[PDB]
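J.: Below is the structure I would like to discuss, written out as structure tokens.
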Amino acid sequence: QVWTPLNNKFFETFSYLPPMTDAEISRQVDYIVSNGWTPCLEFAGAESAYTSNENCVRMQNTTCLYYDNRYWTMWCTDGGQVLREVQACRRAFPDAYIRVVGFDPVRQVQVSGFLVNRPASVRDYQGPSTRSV
Amino acid sequence: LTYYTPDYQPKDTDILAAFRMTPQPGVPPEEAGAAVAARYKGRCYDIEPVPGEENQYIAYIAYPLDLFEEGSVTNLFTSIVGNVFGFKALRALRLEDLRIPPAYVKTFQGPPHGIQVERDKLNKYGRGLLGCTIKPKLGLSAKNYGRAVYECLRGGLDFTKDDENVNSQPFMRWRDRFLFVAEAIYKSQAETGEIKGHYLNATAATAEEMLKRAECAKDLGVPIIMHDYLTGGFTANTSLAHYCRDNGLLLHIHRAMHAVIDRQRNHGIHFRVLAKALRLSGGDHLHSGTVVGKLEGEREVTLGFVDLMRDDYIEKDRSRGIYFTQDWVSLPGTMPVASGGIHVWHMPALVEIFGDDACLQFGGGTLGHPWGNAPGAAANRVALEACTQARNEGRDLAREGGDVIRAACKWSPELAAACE
Amino acid sequence: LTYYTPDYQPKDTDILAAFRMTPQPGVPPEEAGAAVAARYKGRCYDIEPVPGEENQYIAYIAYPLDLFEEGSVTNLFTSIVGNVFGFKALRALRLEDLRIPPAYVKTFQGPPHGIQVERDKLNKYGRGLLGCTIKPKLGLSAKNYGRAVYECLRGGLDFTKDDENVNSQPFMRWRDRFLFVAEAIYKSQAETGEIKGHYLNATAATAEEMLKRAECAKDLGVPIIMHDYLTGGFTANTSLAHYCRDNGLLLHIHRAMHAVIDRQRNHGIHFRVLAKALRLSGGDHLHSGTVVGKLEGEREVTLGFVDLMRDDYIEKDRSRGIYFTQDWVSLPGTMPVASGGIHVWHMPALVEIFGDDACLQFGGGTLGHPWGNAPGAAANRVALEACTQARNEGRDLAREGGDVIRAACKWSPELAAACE
Amino acid sequence: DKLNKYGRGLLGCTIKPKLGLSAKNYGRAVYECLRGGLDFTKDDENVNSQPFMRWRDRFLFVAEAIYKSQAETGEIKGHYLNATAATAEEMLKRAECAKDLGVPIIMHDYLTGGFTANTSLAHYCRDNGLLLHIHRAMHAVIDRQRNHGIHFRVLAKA
Amino acid sequence: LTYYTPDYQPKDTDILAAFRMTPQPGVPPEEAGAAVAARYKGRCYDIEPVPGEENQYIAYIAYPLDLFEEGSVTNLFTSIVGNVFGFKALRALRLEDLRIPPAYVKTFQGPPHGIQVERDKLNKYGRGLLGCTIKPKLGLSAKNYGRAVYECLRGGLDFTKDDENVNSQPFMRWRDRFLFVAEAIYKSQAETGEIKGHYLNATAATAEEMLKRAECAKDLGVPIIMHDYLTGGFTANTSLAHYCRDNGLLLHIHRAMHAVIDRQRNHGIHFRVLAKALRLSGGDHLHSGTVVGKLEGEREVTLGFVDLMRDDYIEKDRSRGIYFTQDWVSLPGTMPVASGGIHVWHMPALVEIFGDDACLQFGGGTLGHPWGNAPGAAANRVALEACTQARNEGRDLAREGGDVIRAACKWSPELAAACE
């Protein structure tokens, strides 16, 4: 079989697994909470979801390690609350990818980041069986 | 003995070494420790016999901080192990550990970015990184090398790397390879939407040539380069690490020629000291182990030097080979890179042993997947993500790795052709 | 075995290695040689058992010339001994010799000046050179270091040198030492009328700092600098050697950390390979032996690597450890430097063993002469000149060294206080 | 004229927490505050270059945040990047990085860095078209007591 | 004769020359060879008479490798043919061939990219390259020159080139031409989707000006430049080739003033020696022949120097003028460029003679197509592709070239107006 290079976009962690269900998202959020970390939600439409070099035109010397759309837009006690917020974000922005992020409150660093929602309207991604043709 | 002072209390600024030495018969251990030790004099303050080996002692030496040049791994190695392995009074001598006082650590820049800055720059969290060594090792043209890089990266791999002996040869000059690899990296980035990279080998004959190759990598905008620090030298490595910090480049470190110094148990320098010297000199990644069949070497020793090269504060643990408490005073950590034959069903073991802050390298070049390079990379990525997800759910990977692999294979056609 | 080809005839451009390997029991020697060997493939073309050692063989490997980067000792060592000492199938492995084909040799600059250009620049002919290591090793201020240098050089010594661990410390910064040593060198030159020099240590943390120290030495007009190539690295050494050729500076090379790689007979890289790598990378002098009591190590082995690092054409001689004929195609030779406890009555032996093309180093700092540093230097110079004159007359030094020393002492008051 | 903002005061925020935040999280906070409608954000006065957040990582992440907020809102945005450093060479290098990123404005502590360093930075900013925000750290040590010291108005004129 | 040694066996590192000499009557051939030959002495080791010419001999001279400066074609030509064509004892003298030992070859960088790297960079495989010389030769403004370049490239030509005498004149300054040609190249690339190029003439009065023109070409991002090596000089050429390797630029070489040295059979230097000197100095393309009517010159001689400038290993073949076996030890090959009146029906002959690794140049400026420059370029491209396809099918081009051309013309309206 051949890995398809057409409409096969991916979003880093857990993006190569089948779309996670509510129970799986809940278990991941519980894992984040268990470690002592804070979960939050990021979202972006299809125009600002993938990495790009749009602003590299303004730079000189080098553009090493600079990529656009690394930041998404921010949307935290347990899995159920984060799941409710996931549904709320889905209703508010149906054409936007949702990403669950984790933040270590002591080190003040991001420790987690996995996609939990892919807009049905957008078709820039494949499915577990359509990834190979 | 003016140089054996068992009542001496080491200062907070002393550099401490733990030597495993076997003196010649008739030489008392105190005399041998005094010799190794011999205001600016190194002194043996502690000697303990090794329980299990005949005529084997651990000698603890304290060096004043004024003895060394600030921020110079070269000087540190010249002072500590310059001419001490040639003493006739010692049948065998092995440096086991070093204690770098914070006062000395603060004089070093350290790794250019570290693990957390690397994760933030690459926007990859919660999982180990994946890499492949482009194979065949040599003979491939820059165009074909770039084609292989693009094929492996588009599958889902986060990194690819040049072979350790690929610097600049008649078959493939370095600038052609850099250009074709840059095109491949950018194509794979556009196709998958994830940030990709390739460990471009900057190891060269002269520091000027090495800096020129780093400069070309910086001008292409590519993320990361590679260096052979034990063959290029600490002086060349430190220059490259300073350059990478200045210009925002990641630095992968390969430990070529390491077994010539850290293989024999009785003679040489233990890899943990070389790992601490690398972290001081600078490196974002450091090839730290081989997985032939399984992770080779005592697990505790591996865990010890992985913690020594990763954490900020490592307490003394003789079980794992930590002879001294090591405070890193906020020096950036180095990401360990486990390479070799990482088979798909062996991923759960390595994910359990290393965790998320490591790079698993398929130095075998994969190619074992009947479909191609890209599906093989996808299978590996699927397996790693499935193992990580299972571990996050509370599963015991060492007991359910096969079950997790099978369950992932049930829905992954690419992994199905890999699991067979 | 695709990699064991006993009928293969090595090409005139192949790089040849002679490995002394002890395979694990049950592993045939042919299989082990095939593994070490494994168009661009290294191949084992010859295996000979070691007569005198059990399960010990010499494996001859042929590498194509296209495998290596032109003028890069770093790449050569990465390719040959990068990851081969870590093979589990080998109980022990030792690289004994290398054959550098002329085609490869011509891609290297080599030593900046060589022996003959050194003699012409220093205007010293027909005798060995003399040097001292300023002692105490550390703690001395730049002013006092310069005073010691001037006192030792005015006596008749041709060179002095910084201690191997003296680079730049709180007690003595490097630029102060360079300035005071320059004043001392010029004072001793004016006083004696002979050209003097001091091995200024340029070994530093970064290549930039090392080049800055070399630049300061060039701006002072002093003749020679020093480098630690096994700790600084081949990349740093090659940069320094290119700089020294460009700016007309001599380069003394110290082999710090050598015993960590060339001490054990079963594992490591023999010093002769490190000496050939140094000659390729560049160095006018290379500390080549210690004289504790007497010249240590098998004489034939020492003579072998001295000839390998000095002569232009060395024929294969297994008695002296030459496993391959080495053609240097007019590459400048490196002057061997024998250091350690060179006592006055031991000068005839070393003059006989080394001849005129060597530097005898009093690394003990002398100080054994009751009168002072300067008369001790004079005594040494008188002894060396008397031994050379006796050898030129047809005397057998190994049999009449004591007679020659006594006869010189009969007229030398300085040597009289030294001979006691 | 450069910022195309007329008829109103400008608005700025100091990214908080003061210290401990990673360059990524600092950039995230900058982007979140700027996208709301703020014209400027600024580094904390004591944020120059620390083990927790090196200066070049912060400059890069802040540049990405500034450009994202500009694209989202359509208004020109900026962040007072702290160029205050130990040596004039390091300070000019940080200003040079800001110039190479195309970001609008940098910051300096003139009473702690010194007038000599400030004048060099101001000449550089005029030469390269960069705005310069000045923070008066250590001012109360000289302009607080009514009987002794130098009144702030003299420091403002200087 | 101390310089005629018929029993001498040339070394593997000797530089060998084969001189065709006609001595004055009364001078024996041995004496004349001894004179040309006259540890560092050149020696005549072989003399063979020419069967077919009266008083004509081939003299073989062996020069030691130590005689020449590493990587210097200038020195090689100064040593070999500096002052030997002015000997009164020789009626005529002609250097026929040179043997460059691998040891010497390794000291040269060679062509910046070579044939295979060129093909990979341009992404063109399996066919010869096509070029045109913009005509009229002179008088055209930079704007009109660019217009002609764009019109010829959009038709399907891979390259265009400046006239040999077009460097920088009042009618067309060089920077205006570079800018307009860059615009034309980019327009043609966007229109056709194939990578295009134009041989920009960097030949200038001073090396500084030549490097400035190369720098402008590099700043425009254009692929290739041109140089006149026999008029600019080997020193200027070697500088340009090093620059092109450093900055990733292709280098086309034009052999202006060649007939002044390689035309007469009795006196001068044969073009094959100039081609080997160019390959050593550096050049990706080398104008190698003219096709006035048909490929001019003995086919075997042309094939010989084409193989000498293309292949890695050329065995001695006196039938094709190869007097010595030439090992290139992986030096990049040079692409031969056949220029002149390449008419459409003459394409099969040149495709058969040269193969795919050559550039056919329409130095006549085409313009013979009644429709325009672009359709004429298309006709040429169609003819070349049809001939290549026929050759790949097993057709005999020398016998079916007309049939293939007619068959291609049956479906190509552009070729129909060209075939008439």
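Heads up: the protein sequence lines correspond to chains P, A, H, F and B, in order.
In case it helps, PDB author numbering puts the first sequence at residues 2 to 76, 83 to 140.
In case it helps, PDB author numbering puts the second sequence at residues 22 to 59, 79 to 460.
In case it helps, PDB author numbering puts the third sequence at residues 22 to 59, 79 to 460.
PDB author numbering numbers the first residue of the fourth sequence as 160 and each following residue consecutively.
In case it helps, PDB author numbering puts the fifth sequence at residues 22 to 59, 79 to 460.
Idealized CB from N, CA, C, for every residue including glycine.
1) Let me know the secondary structure DSSP gives A:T200 once reduced to three states.
2) Just verifying my parser: in three-state terms, what is the DSSP assignment at H:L22?
3) Between which two residues does the beta strand (DSSP E) harbouring A:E136 extend?
4) Taking Cβ positions only, does A:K183 come closer than 8 Å to chain B?
5) If the cut is a Cβ gap below 9 Å, which residues of chain F does A:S279 touch?
6) Determine the burial state of H:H409: buried for a count of at least 16 other Cβ atoms within 10 Å of its Cβ, exposed for fewer.
7) Just the Cα atoms here: how many angstroms apart are A:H386 and A:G442?
8) Taking the CB atoms as reference points, tell me whether B:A244 and B:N207 lie closer together than 8 Å.
9) Would you kindly work out how many angstroms separate the C-alpha atoms of P:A24 and A:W451, rounded to a whole number?
10) Within 8 Å (strictly less), CB to CB, does H:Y80 reach chain A?
11) Buried or exposed: P:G87, going by 16 or more other Cβ atoms within 10 Å of its Cβ?
12) What span of residues does the alpha helix (DSSP H) with H:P388 cover, start to end?
13) Between H:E52 and the ligand FAD, is there a pair consisting of the residue's CB and a ligand heavy atom that are separated by less than 7 Å?
14) Taking only the alpha-carbon atoms, compute the straight-line gap between H:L240 and A:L320 and give it to the nearest angstrom.
15) Which of helix, strand or coil does DSSP assign to H:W411?
16) Measure the Cβ-Cβ separation of H:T34 and B:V145 and say whether it is below 8 Å.
17) Going along the chain, which residues of its own chain have a beta-carbon closer than 8 Å to the beta-carbon of H:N205, five neighbours each way excluded?
18) From H:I382, H:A398 and H:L326, pick the residue whose C-alpha is nearest to that of H:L335; which is it?
19) Taking only beta-carbon positions, decide if A:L133 is within less than 8 Å of chain P.
20) Which of the three DSSP states, helix, strand or coil, is assigned to P:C65?
21) So, are the CB atoms of A:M349 and A:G373 less than 8 Å apart?
22) Does the region 303-313 of chain H come close enough to the region 260-277 of chain H to have 3 or more Cβ pairs within less than 8 Å?
23) Taking a contact to mean a Cβ-Cβ separation below 8 Å, would you say H:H292 touches H:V262 in this structure?
24) Near P:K10, what residues of its chain come up, given a Cβ to Cβ distance below 7 Å and the 5 sequence neighbours on each side ignored?
25) Leaving out five residues before and five after A:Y165 in sequence, what residues of the same chain have Cβ atoms less than 7 Å from its Cβ?
26) Would you check if the region 213-224 of chain F and the region 242-256 of chain F touch, i.e. whether three or more CB-CB distances between them fall below 8 Å?
27) Against chain P, does A:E223 count as a neighbour if the rule is that its beta carbon must be under 8 Å from one of theirs?
28) Run down chain A in chain order and give the residues with a C-beta less than 8 Å from the C-beta of B:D160.
29) State the beta-bridge partners of P:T74 as determined by DSSP.
30) Does A:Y144 come out as helix, strand or coil in the three-state DSSP assignment?
31) In chain order, what residues of the same chain have a beta carbon less than 6 Å from the beta carbon of residue 71 of chain H, not counting five sequence neighbours either side?
32) If F:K183 sits next to F:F211, beta carbons under 8 Å apart, how far is it from one beta carbon to the other, in whole angstroms?
33) Please report whether the beta-carbon of H:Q304 lies at a distance below 8 Å from any beta-carbon of chain A.
34) Which residues, taken in chain order from the region 200-216 of chain A, show a beta carbon closer than 8 Å to some beta carbon of chain B?
35) My assumption, with CB atoms under 8 Å, is that A:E433 sits in contact with P:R125. Please give the rounded CB distance.
36) Beta-carbon separation of A:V48 and A:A129 under 8 Å?
T.: Result, derived from the coordinates:
1) As a first step, residue 200 of chain A must be located in the second sequence, where it is residue number 160. In this structure, A:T200 counts as strand in the three-state DSSP scheme.
2) The residue you call residue 22 of chain H lines up with position 1 of the third sequence. Looking at H:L22 - three-state DSSP - the assignment turns out to be coil, as it is neither helix nor strand.
3) Residue 136 of chain A sits at position 96 when you count from the first residue of the second sequence. It spans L130 to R139 - the beta strand (DSSP E) in which A:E136 sits, taken as one unbroken run.
4) Taking the first residue of the second sequence as 1, we reach residue 183 of chain A at position 143. Using a Cβ-Cβ cut-off of 8 Å, A:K183 counts as an interface residue toward chain B, since at least one Cβ of chain B sits closer than that to its own.
5) For the purposes of this step, residue 279 of chain A is identified with residue 239 of the second sequence, where counting begins at 1. Simply none; closest approach about 18 Å.
6) Your numbering for residue 409 of chain H matches position 369 in the third sequence. Under this definition H:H409 is a buried residue.
7) Locating residue 386 of chain A in the second sequence gives position 346, counting from the first residue. Locating residue 442 of chain A in the second sequence gives position 402, counting from the first residue. So the two alpha carbons sit approximately 9 Å from each other.
8) Translated into positions along the fifth sequence, residue 244 of chain B becomes position 204. Translated into positions along the fifth sequence, residue 207 of chain B becomes position 167. In contact: B:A244 and B:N207 (Cβ atoms closer than 8 Å).
9) The count along the first sequence starts at 1 and reaches residue 24 of chain P at position 23. The count along the second sequence starts at 1 and reaches residue 451 of chain A at position 411. Cα to Cα, P:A24 sits roughly 18 Å from A:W451.
10) Looking up residue 80 of chain H in the third sequence gives position 40. Yes, H:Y80 lies at the interface with chain A (some Cβ there is under 8 Å from its Cβ).
11) As a working note, residue 87 of chain P is residue 80 in the first sequence. The residue is exposed, with fewer than 16 neighbouring Cβ atoms inside 10 Å.
12) As a first step, residue 388 of chain H must be located in the third sequence, where it is residue number 348. Start and end: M387 to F394.
13) Here there are no bound small molecules, and the ligand FAD is not part of this structure.
14) Position 200 of the third sequence, counted from the start, is the residue given in the question as residue 240 of chain H. Position 280 of the second sequence, counted from the start, is the residue given in the question as residue 320 of chain A. The straight-line gap from Cα to Cα measures roughly 26 Å.
15) Taking the third sequence and counting its residues from 1, one reaches residue 411 of chain H at position 371. If DSSP states are grouped into helix, strand and coil, H:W411 belongs with coil.
16) As a position in the third sequence, residue 34 of chain H is number 13, starting the count at 1. As a position in the fifth sequence, residue 145 of chain B is number 105, starting the count at 1. No, these two residues do not count as a Cβ contact at 8 Å.
17) Here the question's residue 205 of chain H lines up with position 165 in the third sequence. Same-chain partners within the cutoff: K177 and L178.
18) Position 295 of the third sequence holds residue 335 of chain H. Selected option, being the one with the closest Cα: H:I382.
19) In the second sequence, residue 133 of chain A corresponds to position 93, counting from 1. A:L133 has a beta carbon lying at 8 Å or more from every beta carbon in chain P.
20) Against the first sequence, residue 65 of chain P aligns to sequence position 64. If DSSP states are grouped into helix, strand and coil, P:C65 belongs with coil.
21) As a position in the second sequence, residue 349 of chain A is number 309, starting the count at 1. As a position in the second sequence, residue 373 of chain A is number 333, starting the count at 1. Yes, Cβ-Cβ distance for A:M349 and A:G373 is below 8 Å.
22) no
23) As a working note, residue 292 of chain H is residue 252 in the third sequence. As a working note, residue 262 of chain H is residue 222 in the third sequence. In this structure, H:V262 does not lie closer than 8 Å to H:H292 by Cβ.
24) Here residue 10 of chain P is taken as the residue at index 9 of the first sequence, counted from 1. Result list for P:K10: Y51, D131 and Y132, in chain order.
25) As a working mapping, residue 165 of chain A is identified with position 125 in the second sequence. Cβ neighbours of A:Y165 beyond the five flanking positions: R159.
26) yes
27) Locating residue 223 of chain A in the second sequence gives position 183, where the first residue counts as 1. So, not an interface residue.
28) One-based indexing of the fifth sequence puts residue 160 of chain B at position 120. The contacting residues are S181, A182, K183, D216 and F220.
29) Here residue 74 of chain P refers to the residue found at position 73 of the first sequence. P:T74 pairs with P:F44.
30) To locate residue 144 of chain A, count along the second sequence from 1; it is residue 104. Note: A:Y144 maps to helix in three-state DSSP.
31) Gap in chain H between 59 and 79; residue 71 of chain H lies inside it and carries no coordinates.
32) Here residue 183 of chain F is taken as the residue at index 24 of the fourth sequence, counted from 1. Here residue 211 of chain F is taken as the residue at index 52 of the fourth sequence, counted from 1. No, F:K183 and F:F211 are not in contact; Cβ-Cβ is about 12 Å, not under 8 Å.
33) Locating residue 304 of chain H in the third sequence gives position 264, counting from the first residue. Yes, because at least one Cβ of chain A sits closer than 8 Å to the Cβ of H:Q304.
34) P210, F211, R213, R215 and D216
35) Counted from its first residue, the second sequence places residue 433 of chain A at position 393. Counted from its first residue, the first sequence places residue 125 of chain P at position 118. Their Cβ separation, rounded to whole angstroms, is 21 Å, which puts A:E433 and P:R125 out of contact at 8 Å.
36) In the second sequence, the residue the question calls residue 48 of chain A occupies position 27. In the second sequence, the residue the question calls residue 129 of chain A occupies position 89. Yes. Within cutoff.
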